[PDB]
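Here, each number is a calculation from the coordinates, and none is a lab measurement. All Cβ positions, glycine included, derive from the backbone under ideal geometry; neighbour counts span all protein chains shown.
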Amino acid sequence: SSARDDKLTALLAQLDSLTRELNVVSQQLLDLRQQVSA
Amino acid sequence: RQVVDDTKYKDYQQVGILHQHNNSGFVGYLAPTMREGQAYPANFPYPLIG
């Protein structure tokens with residue numbers, strides 16, 4: 001079953017980038033929220 | 001224990017072991033060898049108290 005593990009290890013590598021590019025948005029949204037506070 | 005919150009804390013910077021310099025000029029860098037560096041205010045860890 002070598003042809004089916006590539007579909008899963010490529011999904012783990014792109015959820016890696018998805019939870020990382022969402023992680024910089026969740027840190028830039030609390031920057032410009034507390035920028036409105038001043 | 002309590003750790004830092006990488007989301008809610010505004011001034012958080014993920015400083016890895018290569019750049020954490022507590023006991024800077026009195027402790028060998030990344031090794032049990034002889035000391036190296038200068039005396040300098042630390043950057044790790046973040047204060048949980050005070």
Residue tally, condition part of a loop (DSSP other than H, G, I, E, B) and within 14 Å of chain B (Cβ to nearest Cβ), over chain A: 2
The stretch B:1-24 residues that are closer than 17 Å to B:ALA42 by Cβ and within 11 Å of another protein chain (Cβ to nearest Cβ), paired with ones that are surrounded by 12 or more Cβ atoms within 10 Å (Cβ to Cβ) and hydroxyl-bearing (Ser, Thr, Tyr) (beta carbon under 8 Å, 6 or more apart): B:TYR12/B:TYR46
Test: residue in the stretch B:16-39 that is within 27 Å of A:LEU32 (Cα to Cα), surrounded by 10 or more Cβ atoms within 10 Å (Cβ to Cβ) and under 10 Å from the mean Cα position of the chain (by Cα): no
Which listed residue, of B:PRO32, B:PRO47, is more than 30 Å from A:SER26 (Cβ to Cβ) and more than 14 Å from chain A (Cβ to nearest Cβ): B:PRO32
